[PDB]
Protein chains: 2
Amino acid sequence: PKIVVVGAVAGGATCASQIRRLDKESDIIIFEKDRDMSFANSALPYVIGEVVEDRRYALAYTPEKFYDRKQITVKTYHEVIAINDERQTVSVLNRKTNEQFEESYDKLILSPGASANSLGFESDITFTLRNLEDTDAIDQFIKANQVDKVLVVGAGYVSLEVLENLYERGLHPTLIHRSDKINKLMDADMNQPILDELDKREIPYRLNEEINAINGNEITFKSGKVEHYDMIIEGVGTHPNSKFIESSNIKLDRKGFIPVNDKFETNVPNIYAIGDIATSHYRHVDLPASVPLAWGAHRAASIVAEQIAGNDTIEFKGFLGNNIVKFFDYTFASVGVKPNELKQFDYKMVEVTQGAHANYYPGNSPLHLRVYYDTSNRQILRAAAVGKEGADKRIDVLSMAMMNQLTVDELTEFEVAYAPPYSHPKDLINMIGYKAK
Amino acid sequence: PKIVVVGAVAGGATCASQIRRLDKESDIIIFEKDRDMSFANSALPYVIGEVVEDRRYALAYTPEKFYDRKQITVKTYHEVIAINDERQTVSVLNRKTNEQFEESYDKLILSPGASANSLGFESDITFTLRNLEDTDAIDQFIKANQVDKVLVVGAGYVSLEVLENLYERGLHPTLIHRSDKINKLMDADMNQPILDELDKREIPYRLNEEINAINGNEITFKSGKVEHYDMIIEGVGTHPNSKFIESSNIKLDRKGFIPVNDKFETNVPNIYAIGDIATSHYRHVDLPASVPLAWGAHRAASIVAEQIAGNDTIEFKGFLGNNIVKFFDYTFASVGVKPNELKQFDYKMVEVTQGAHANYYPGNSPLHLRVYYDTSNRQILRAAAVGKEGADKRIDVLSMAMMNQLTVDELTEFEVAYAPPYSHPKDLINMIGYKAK
Ligand SMILES: Cc1cc2nc3c(=O)[nH]c(=O)nc-3n(C[C@H](O)[C@H](O)[C@H](O)COP(=O)(O)OP(=O)(O)OC[C@H]3O[C@@H](n4cnc5c(N)ncnc54)[C@H](O)[C@@H]3O)c2cc1C
Ligand SMILES: Cc1cc2nc3c(=O)[nH]c(=O)nc-3n(C[C@H](O)[C@H](O)[C@H](O)COP(=O)(O)OP(=O)(O)OC[C@H]3O[C@@H](n4cnc5c(N)ncnc54)[C@H](O)[C@@H]3O)c2cc1C
Ligand SMILES: [Cl-]
Ligand SMILES: [Cl-]
Ligand SMILES: [Cl-]
Ligand SMILES: [Cl-]
Ligand SMILES: [Mg+2]
Ligand SMILES: [Mg+2]
């Protein structure tokens with residue numbers, strides 16, 4: 001079938017590649033509105049911190065390379081501006097010429113993702129981060145202005161990674177956030193180490209703080225404070241890239257995302273939507289979910305490839321929402337329903353704080369693991385772990401347990417890999433099970 | 001009931017403590033033939049290495065402390081020499097006075113463990129490592145003789161830990177083993193990094209090599225080589241401590257272990273066996289299993305405590321044989337049936353080697369993950385992982401998958417915690433699922 005993919009990055013290039021693995025005959029074209037395909041979105045903060053030095057590390061492919069290797073055509077600086085879904089074509093603006101044309105399809109895959117929000121100030125010193133053009137502009141500006149003091153606005157996990165990288169590069173960031181709900185995928189009492197790590201490094205922060213006005217480099221804040229900053233990086237949320245879809249028959253929710261079934265189909269035949277634009281449901285509970293992270297983009301890209309060109313019985317089973325961030329010496333990881341969704345259930349909480357590994361073994365640190373379960377059926381609803389060591393291991397185990405709607409009591413039965421450097425004969429996970437009675 | 005426990009360490013002291021948590025009235029007496037109770041067995045190689053130097057980590061209690069805390073009587077230097085099951089007593093030898101006496105019981109719990117094998121040479125410089133008296137004797141002999149050159153015999157995970165520790169202490173060990181089958185819980189072609197780590201550090205080794213004769217410090221070998229060593233530590237396997245059980249009605253297998261049901265009962269009413277002495281079955285396949293490791297001793301201790309004084313519906317579900325060892329910069333872990341047991345199934349193998357975390361992100365190291373699955377039902381039989389980073393995490397997640405009867409194909413659905421320090425958007429585990437078929 002002739003395949004048109006919109007977006008050439010985490011969902012779209014992956015989906016196209018997966019289809020080509022299954023099907024060597026079909027014509028596949030991807031349209032990408034910006035300069036680069038297949039950049040490593042998650043590497044971008046580390047490119048700013050110069051922790052990833054070789055900036056080609058964050059760019060897997062050029063169009064010429066993709067055609068050479070996979071016989072897939074990728075057109076950059078080509079923005080899909082309308083879907084003419086009844087005629088099965090898309091309208092495409094060639095952004096270099098400002099001429100538009102239609103591209104026909106038998107199957108359309110929409111992976112256009114999300115764009116950064118802006119606070120909307122008229123300011124040359126403010127930047128957002130979503131692609132490699134942005135990473136380049138930020139790096140350029142730091143060098144051209146010898147940036148030292150940088151205001152980081154927003155306290156979500158990417159803004160935090162940007163802050164850390166700026167600090168390691170030698171700059172002096174201050175963090176602000178409009179509320180006290182920092183790193184909101186993690187339980188709010190368990191985010192305290194973020195604020196400790198900032199305090200330990202004397203990196204200033206102010207929560208429930210916002211920009212009121214910008215006059216050149218002089219920033220006035222809601223608190224009444226006035227400070228000079230050489231550069232501002234705004235991490236103030238994202239919005240779905242669906243304006244080009246509104247005129248078509250595809251159903252959007254009230255926020256502009258595309259609800260999909262378990263085959264990533266939209267309500268319109270022959271159109272699929274994957275990645276951050278798609279909304280689905282949890283695997284382990286009957287609630288809607290949106291989980292705009294890399295794993296879901298790559299997983300949906302594979303399921304859609306199977307749907308189109310492989311085994312059409314392969315269908316998504318829903319999300320668990322496994323997520324994680326590093327901030328300085330700590331890891332913060334959670335999975336399951338979000339904090340604010342716990343109230344849809346009758347639930348209890350169990351938690352342990354114990355050494356990541358045997359206490360006498362050096363380099364130990366306290367790991368805090370918390371699990372919420374549903375009192376009607378003992379099923380695990382959510383887990384969270386924070387520590388210098390071992391958080392990602394416990395959370396990945398519990399994601400595997402929730403995939404199987406395992407109960408909290410069955411955690412006593414989990415058979416850990418135990419030697420002194422790694423865990424305890426009764427691992428933290430087992431202790432949750434023992435403590436749940 | 002009146003409770004007698006034989007062995008006061010990983011299974012026996014734990015079990016007695018767990019009973020006391022549930023039942024504050026029963027009399028509970030533990031007999032231990034050696035000097036110490038509740039030593040940390042897995043800490044021992046690290047004690048020898050001066051990695052663990054605080055005594056309070058090597059030894060958790062004395063009998064007087066245990067009594068004061070838990071009103072459990074522990075008689076060290078008391079060796080049970082017969083089990084008089086028809087009269088419900090044990091015959092005990094007080095090794096201090098060399099007098100024996102009968103002790104009556106209502107419930108008897110056998111946790112005698114295993115003893116180290118010896119090569120049988122008449123040698124003042126040769127030591128085995130099983131307990132804290134052993135550990136003290138080795139540390140004292142190094143100090144009394146200004147030991148520099150130590151021969152480590154055997155290549156099991158305990159000999160390998162002892163080798164690493166003697167090296168970190170500043171001594172000069174050489175490793176030998178009778179064959180090339182080193183570290184045999186791991187797939188024989190995934191142990192090369194043990195030899196690479198020995199070479200990198202210029203620590204000599206010889207395989208297919210044995211001690212042929214000893215004359216003082218002059219050791220003559222099977223190869224014909226003749227060398228001088230200051231000390232020898234022999235790690236040439238263990239044998240079950242069951243010769244004292246053989247006159248009783250308790251059924252032993254031909255290898256001298258005690259088979260038990262899922263309540264850890266023996267064939268004799270009111271007698272339980274737990275820890276290294278006990279044999280049971282795999283959880284995920286219908287085959288016998290013995291897994292002489294700390295998790296099993298601790299989980300059996302809990303189940304027995306429930307049987308006697310708590311919820312007697314709690315039963316064992318079988319072993320998976322999760323196991324792990326550190327050797328210098330590498331981790332070696334595996335779970336499921338042993339390599340020799342794979343031939344009892346029609347199976348296939350799938351593997352992947354990939355960075356532990358994102359390709360672009362620094363500090364990376366390749367992680368080799370291998371999965372065997374049953375072709376009759378696509379169930380996972382065995383998994384094994386070796387790498388500097390992330391092998392513990394992948395093997396615990398697969399331990400949890402095997403607990404939940406996951407097929408290899410379902411591993412594409414595992415939702416990993418992804419950010420660049422931790423994994424990839426399709427983790428190694430997901431790659432095994434995609435590469436299967
Ligand atoms: C800085 C940063 C760090 C992140 N870190 C992590 C992390 O550690 N872990 C994690 O799991 N996720 C992380 N993410 C999120 C992850 O990158 C996304 O979930 C993933 O990119 C979703 O894939 P997608 O295909 O939907 O969107 P994208 O990868 O963003 O690709 C969408 C593409 O579509 C193009 N497009 C949009 N509209 C059109 C149109 N009309 N015509 C042509 N092209 C169009 C866009 O230009 C864009 O290139 C991070 C994201 C960022 C920005
Ligand atoms: C050096 C070393 C390192 C290890 N490292 C690991 C590791 O990293 N991970 C892991 O999981 N496991 C490790 N193990 C194994 C783990 O310690 C054993 O699986 C666990 O100790 C088994 O508990 P048990 O109660 O059966 O035996 P033990 O803990 O050995 O206790 C048995 C006790 O019974 C006593 N006893 C025997 N017979 C009698 C008798 N007739 N009368 C009175 N008392 C008697 C013995 O003297 C002994 O003290 C290690 C073991 C050693 C020796
Ligand atoms: Cl990435
Ligand atoms: Cl149309
Ligand atoms: Cl231990
Ligand atoms: Cl008798
Ligand atoms: Mg139209
Ligand atoms: Mg259909």
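Counting begins at 1 with the first residue displayed.
Recorded method for this deposit: X-ray crystallography, 1.7 Å.
Including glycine, each Cβ sits where the backbone N, Cα and C put it.
Swiss-Prot lists A:7-32, A:266-276, A:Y418 with the feature FAD binding site. Annotation for A:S17 (FAD binding site): spatial neighbours A:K70, A:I72, A:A301, criterion Cβ-Cβ under 8 Å with sequence separation of six or more.
According to Swiss-Prot, the feature substrate binding site maps to A:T14, A:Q18, A:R21, A:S38, A:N41, A:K70, A:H298, A:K426. DSSP gives A:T14 (substrate binding site) a helix state.
Taken from Swiss-Prot, the feature NADP(+) binding site covers A:150-165, and the record attributes it to sequence analysis. A:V158 (NADP(+) binding site) carries a helical DSSP state (H, G or I).
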For substrate, with binding residues A:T14, A:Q18, A:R21, A:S38, A:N41, A:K70, A:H298, A:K426 per the record, max Cα distance (Å, no decimals) returned as 49
Between the C-alpha atoms of A:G275 (FAD binding site) and A:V152 (NADP(+) binding site), the distance in angstrom, to the nearest integer, is 27
Long-range Cβ list for A:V150 (NADP(+) binding site), cut-off under 8 Å, min separation 6+ in sequence, same chain only, gives A:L166, A:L171, A:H172, A:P173, A:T174, A:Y229, A:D230, A:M231, A:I232, A:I233
Distance filter, Cβ under 6 Å of ligand 1; input binding-site residues A:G7, A:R21, A:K70; output A:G7
Expressed in Å to no decimal places, the gap between the Cα atoms of A:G7 (FAD binding site) and A:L160 (NADP(+) binding site) is 26
Quick note, A:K426 (substrate binding site) and A:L160 (NADP(+) binding site): C-alpha atoms separated, nearest Å, by 34
Looking only at the binding-site residues A:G12, A:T14, A:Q18, A:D27, A:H298, A:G156 (NADP(+) binding site) has its closest CA neighbour at A:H298
